[PDB]
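Q: This is the structure I want to talk about, given as structure tokens.
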Amino acid sequence: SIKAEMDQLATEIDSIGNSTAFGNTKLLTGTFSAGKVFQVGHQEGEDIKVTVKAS
Amino acid sequence: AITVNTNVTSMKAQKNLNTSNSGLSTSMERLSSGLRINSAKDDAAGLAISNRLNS
């Protein structure tokens, strides 16, 4: 009976990982494993990198 | 950052009030009966053990 409870809790850790999205882009499934780039200046090279490992 | 279409401060505030109200409700029913395991929300293994002890 205790395992039947642990088993379902692990299913949601999977479910949150595969659901969390920004409109339509999944953020916790490794597409941000190699940090993506945002440009915050007005010239080339002024970038910020955000890395989210798969969980 | 002065908007009149979305109030995210309200959205976060609403969630906290709901959590505090639900905790108050569950405490009253435990006090009104005198049992920690009212439903299967609580210890899944506890109710199974208690049934055999009750027998």
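Residues are referred to by chain and number: the chain letter is A, B, ... according to the order shown in the structure tokens, the number counts from 1 in that chain, and ligands are numbered separately from 1 in the order shown.
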Give me, as a list in words, the residues of chain A that a backbone DSSP run labels alpha helix (DSSP H).

A: residues 2, 3, 4, 5, 6, 7, 8, 9, 10, 11, 12, 13, 14, 15, 16 and 17 of chain A

Q: How close does chain A get to chain B? List, as a Markdown table, each residue of chain A within 8 Å, its nearest atom pair and the distance in Å to one decimal, counting only C-alpha atoms.

A:
```
| residue | atom | partner | partner_atom | distance |
| --- | --- | --- | --- | --- |
| A:1 | CA | B:45 | CA | 6.1 |
| A:2 | CA | B:45 | CA | 6.1 |
| A:5 | CA | B:44 | CA | 7.7 |
```

Q: Write out the residues from the selection above, keeping C-alpha atoms, as a compact mmCIF listing (two decimals), in the first residue's frame.

A:
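What follows is the written file again_23.txt:
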```txt
# COMPACT_ATOMS: atom_id res chain seq x y z
CA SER A 1 0.00 0.00 0.00
CA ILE A 2 2.83 2.43 0.75
CA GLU A 5 1.36 5.86 -3.04
```

Q: May I have the residues within 10 Å of segment 10-17 of chain A as a list in words, using only C-alpha atoms and disregarding those fewer than 4 positions away in the same chain?

A: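 My list of contacting residues is residues 5, 6, 21, 26, 27, 28, 29, 30, 54 and 55 of chain A.
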
Q: For a test of reading the model, state the distance in Å between atom CA of residue 12 of chain B and atom CA of residue 24 of chain B, rounded to one decimal.

A: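 Taking atom CA of residue 12 of chain B and atom CA of residue 24 of chain B, their separation equals 19.1 Å.
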
Q: Give me the residues within 7 Å of residue 52 of chain A as a list in words, counting only C-alpha atoms and dropping any in the same chain fewer than 3 places off.

A: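 These residues fall inside the cut-off: residues 28, 32, 33 and 35 of chain A.
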
Q: Do a neighbour search on residue 37 of chain B at 12 Å with only C-alpha atoms, toss out local chain neighbours closer than 3 positions, and write the hits as a list in words.

A: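 Result of the neighbour search: residues 26, 27, 29, 30, 31, 33, 34, 40, 41, 42, 43, 44, 45, 46, 47, 48, 49, 50 and 51 of chain B.
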
Q: I'd like the interatomic distance between atom CA of residue 23 of chain B and atom CA of residue 6 of chain B, to a tenth of an Å.

A: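 Here the two named atoms are 28.0 Å from each other.
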